[PDB]
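Below is one structure, written out as C-alpha cells; the observations come after it.
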Amino acid sequence: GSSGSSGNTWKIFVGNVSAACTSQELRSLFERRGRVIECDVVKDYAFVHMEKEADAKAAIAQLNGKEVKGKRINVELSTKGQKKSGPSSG
C-alpha cells in the first residue's frame, strides 16, 4: 500500500531566483503548469510542492531554464531517491 515517511507531497528545488522575484511569481508558474499545494521561496533557492507527479516533471521541463526577471531559474526534482513498488507495465 501507499506510504509517506515525510512530506508526502512532491518537492521541486528552484535555484537562481532573481532578487526582485516575488513568491506569487514562482507559484503562478508551477500553478499554470499544474496543481500546486504548497509553494515557498528561500533566500536564493525555492521549494514548490505539487500533487500530480506527471504535472510536476512536465513543469520542471518547461521551467528548468525558463528566463525569469532576466535571470534563468534552475528547476530540478528535489527528491533524489525513487521507490517504484510493484512490477513494470507491459
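For the C-alpha cells, the naming scheme is as follows: chains receive sequential letters (A, B, ...) according to their order of presentation, residues are indexed from 1 within each chain, and ligands are indexed from 1 in presentation order.
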
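Every residue of chain A with a DSSP assignment of strand (DSSP E or B), taken from the backbone, is listed as residues 12, 13, 14, 15, 36, 37, 38, 39, 40, 41, 46, 47, 48, 49, 50, 67, 68, 71, 72, 74, 75, 76 and 77 of chain A.
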
Export, as a compact mmCIF listing (two decimals), in the first residue's frame, the selected residues with N, CA and C atoms.
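Written file, result_11.txt:
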# COMPACT_ATOMS: atom_id res chain seq x y z
N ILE A 12 10.03 20.44 -5.51
CA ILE A 12 10.85 20.90 -6.62
C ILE A 12 11.76 22.04 -6.19
N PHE A 13 13.07 21.81 -6.26
CA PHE A 13 14.04 22.83 -5.88
C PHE A 13 14.27 23.82 -7.02
N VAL A 14 14.12 25.11 -6.72
CA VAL A 14 14.31 26.15 -7.71
C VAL A 14 15.44 27.10 -7.32
N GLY A 15 16.50 27.11 -8.12
CA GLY A 15 17.63 27.97 -7.83
C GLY A 15 17.73 29.14 -8.79
N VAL A 36 -0.75 23.10 -7.53
CA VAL A 36 0.31 23.42 -6.58
C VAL A 36 -0.24 23.55 -5.17
N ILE A 37 0.02 22.54 -4.35
CA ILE A 37 -0.45 22.54 -2.97
C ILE A 37 0.31 23.56 -2.13
N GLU A 38 1.63 23.40 -2.06
CA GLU A 38 2.47 24.31 -1.30
C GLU A 38 3.54 24.95 -2.18
N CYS A 39 3.86 26.21 -1.90
CA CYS A 39 4.86 26.93 -2.68
C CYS A 39 5.55 27.98 -1.82
N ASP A 40 6.80 27.71 -1.46
CA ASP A 40 7.58 28.64 -0.64
C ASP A 40 8.85 29.07 -1.36
N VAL A 41 9.39 30.21 -0.95
CA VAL A 41 10.61 30.74 -1.56
C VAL A 41 11.70 30.96 -0.52
N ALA A 46 14.30 28.01 -3.94
CA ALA A 46 12.88 27.90 -3.62
C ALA A 46 12.47 26.44 -3.47
N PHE A 47 11.24 26.22 -3.01
CA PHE A 47 10.72 24.87 -2.82
C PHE A 47 9.23 24.81 -3.13
N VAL A 48 8.89 24.15 -4.24
CA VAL A 48 7.50 24.02 -4.65
C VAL A 48 7.02 22.58 -4.53
N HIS A 49 5.89 22.39 -3.86
CA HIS A 49 5.32 21.06 -3.67
C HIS A 49 4.05 20.89 -4.50
N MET A 50 4.05 19.89 -5.38
CA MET A 50 2.90 19.62 -6.23
C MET A 50 2.27 18.28 -5.88
N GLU A 67 13.72 31.77 -18.65
CA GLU A 67 14.25 33.06 -18.24
C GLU A 67 13.22 33.85 -17.43
N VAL A 68 13.56 34.15 -16.18
CA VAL A 68 12.66 34.90 -15.31
C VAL A 68 13.36 36.13 -14.74
N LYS A 71 16.90 36.67 -15.13
CA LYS A 71 17.73 35.58 -14.61
C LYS A 71 17.09 34.23 -14.90
N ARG A 72 17.87 33.32 -15.48
CA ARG A 72 17.38 31.99 -15.80
C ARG A 72 17.31 31.11 -14.55
N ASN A 74 16.78 27.81 -12.25
CA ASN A 74 17.14 26.40 -12.40
C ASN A 74 16.23 25.52 -11.56
N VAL A 75 15.30 24.83 -12.22
CA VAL A 75 14.37 23.95 -11.54
C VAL A 75 14.79 22.49 -11.68
N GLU A 76 14.65 21.73 -10.60
CA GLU A 76 15.01 20.32 -10.60
C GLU A 76 14.32 19.57 -9.47
N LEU A 77 13.95 18.32 -9.73
CA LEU A 77 13.27 17.50 -8.74
C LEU A 77 14.12 17.36 -7.48

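Looking only at chain A, the set that DSSP places in alpha helix (DSSP H) from backbone geometry is residues 23, 24, 25, 26, 27, 28, 29, 30, 31, 32, 33, 53, 54, 55, 56, 57, 58, 59, 60, 61, 62 and 63 of chain A.
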
Produce a file of the selected residues containing N, CA and C atoms, as a PDB file, in the first residue's frame.
ATOM      1  N   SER A  23       7.327  35.541  -4.496  1.00  0.00           N
ATOM      2  CA  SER A  23       6.806  34.184  -4.389  1.00  0.00           C
ATOM      3  C   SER A  23       5.656  33.964  -5.369  1.00  0.00           C
ATOM      4  N   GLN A  24       4.647  34.824  -5.288  1.00  0.00           N
ATOM      5  CA  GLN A  24       3.487  34.725  -6.166  1.00  0.00           C
ATOM      6  C   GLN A  24       3.907  34.345  -7.582  1.00  0.00           C
ATOM      7  N   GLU A  25       5.023  34.909  -8.035  1.00  0.00           N
ATOM      8  CA  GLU A  25       5.532  34.629  -9.373  1.00  0.00           C
ATOM      9  C   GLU A  25       5.827  33.142  -9.542  1.00  0.00           C
ATOM     10  N   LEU A  26       6.719  32.623  -8.705  1.00  0.00           N
ATOM     11  CA  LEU A  26       7.092  31.214  -8.762  1.00  0.00           C
ATOM     12  C   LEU A  26       5.856  30.321  -8.711  1.00  0.00           C
ATOM     13  N   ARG A  27       5.015  30.541  -7.706  1.00  0.00           N
ATOM     14  CA  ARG A  27       3.796  29.757  -7.545  1.00  0.00           C
ATOM     15  C   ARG A  27       2.968  29.769  -8.827  1.00  0.00           C
ATOM     16  N   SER A  28       2.672  30.967  -9.322  1.00  0.00           N
ATOM     17  CA  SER A  28       1.883  31.117 -10.539  1.00  0.00           C
ATOM     18  C   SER A  28       2.387  30.180 -11.633  1.00  0.00           C
ATOM     19  N   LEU A  29       3.699  30.179 -11.843  1.00  0.00           N
ATOM     20  CA  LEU A  29       4.311  29.330 -12.859  1.00  0.00           C
ATOM     21  C   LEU A  29       3.947  27.866 -12.636  1.00  0.00           C
ATOM     22  N   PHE A  30       4.379  27.320 -11.504  1.00  0.00           N
ATOM     23  CA  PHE A  30       4.098  25.929 -11.170  1.00  0.00           C
ATOM     24  C   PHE A  30       2.595  25.664 -11.164  1.00  0.00           C
ATOM     25  N   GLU A  31       1.816  26.713 -10.921  1.00  0.00           N
ATOM     26  CA  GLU A  31       0.364  26.594 -10.886  1.00  0.00           C
ATOM     27  C   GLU A  31      -0.200  26.399 -12.291  1.00  0.00           C
ATOM     28  N   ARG A  32       0.243  27.238 -13.221  1.00  0.00           N
ATOM     29  CA  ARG A  32      -0.219  27.161 -14.602  1.00  0.00           C
ATOM     30  C   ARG A  32       0.159  25.820 -15.227  1.00  0.00           C
ATOM     31  N   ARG A  33       1.299  25.279 -14.808  1.00  0.00           N
ATOM     32  CA  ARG A  33       1.773  24.002 -15.328  1.00  0.00           C
ATOM     33  C   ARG A  33       1.026  22.840 -14.681  1.00  0.00           C
ATOM     34  N   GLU A  53       2.206  14.014  -9.948  1.00  0.00           N
ATOM     35  CA  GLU A  53       3.591  13.800 -10.350  1.00  0.00           C
ATOM     36  C   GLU A  53       3.799  14.188 -11.811  1.00  0.00           C
ATOM     37  N   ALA A  54       2.936  13.676 -12.682  1.00  0.00           N
ATOM     38  CA  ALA A  54       3.023  13.971 -14.108  1.00  0.00           C
ATOM     39  C   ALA A  54       3.246  15.460 -14.348  1.00  0.00           C
ATOM     40  N   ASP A  55       2.385  16.284 -13.761  1.00  0.00           N
ATOM     41  CA  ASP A  55       2.489  17.731 -13.911  1.00  0.00           C
ATOM     42  C   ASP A  55       3.800  18.246 -13.327  1.00  0.00           C
ATOM     43  N   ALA A  56       4.223  17.648 -12.218  1.00  0.00           N
ATOM     44  CA  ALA A  56       5.462  18.046 -11.560  1.00  0.00           C
ATOM     45  C   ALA A  56       6.623  18.072 -12.548  1.00  0.00           C
ATOM     46  N   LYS A  57       6.973  16.903 -13.074  1.00  0.00           N
ATOM     47  CA  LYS A  57       8.066  16.792 -14.032  1.00  0.00           C
ATOM     48  C   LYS A  57       7.839  17.710 -15.228  1.00  0.00           C
ATOM     49  N   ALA A  58       6.675  17.578 -15.857  1.00  0.00           N
ATOM     50  CA  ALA A  58       6.333  18.400 -17.012  1.00  0.00           C
ATOM     51  C   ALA A  58       6.768  19.847 -16.804  1.00  0.00           C
ATOM     52  N   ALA A  59       6.462  20.389 -15.629  1.00  0.00           N
ATOM     53  CA  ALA A  59       6.822  21.763 -15.307  1.00  0.00           C
ATOM     54  C   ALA A  59       8.336  21.946 -15.296  1.00  0.00           C
ATOM     55  N   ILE A  60       9.016  21.161 -14.468  1.00  0.00           N
ATOM     56  CA  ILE A  60      10.469  21.236 -14.364  1.00  0.00           C
ATOM     57  C   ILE A  60      11.116  21.310 -15.742  1.00  0.00           C
ATOM     58  N   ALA A  61      10.468  20.696 -16.727  1.00  0.00           N
ATOM     59  CA  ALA A  61      10.979  20.696 -18.093  1.00  0.00           C
ATOM     60  C   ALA A  61      10.725  22.036 -18.774  1.00  0.00           C
ATOM     61  N   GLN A  62       9.507  22.547 -18.629  1.00  0.00           N
ATOM     62  CA  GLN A  62       9.137  23.822 -19.233  1.00  0.00           C
ATOM     63  C   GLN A  62       9.574  24.988 -18.352  1.00  0.00           C
ATOM     64  N   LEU A  63      10.142  24.668 -17.194  1.00  0.00           N
ATOM     65  CA  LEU A  63      10.603  25.689 -16.261  1.00  0.00           C
ATOM     66  C   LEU A  63      12.126  25.703 -16.177  1.00  0.00           C
TER      67      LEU A  63
END

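From CA of residue 73 (chain A) back to CA of residue 11 (chain A), the distance works out to 15.8 Å.
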
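Proximity ranking of A:35, A:79, A:69, A:43 relative to residue 10 (chain A) places A:79 first, based on only C-alpha atoms.
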
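A straight line drawn from CA of residue 70 (chain A) to CA of residue 44 (chain A) is 14.8 Å long.
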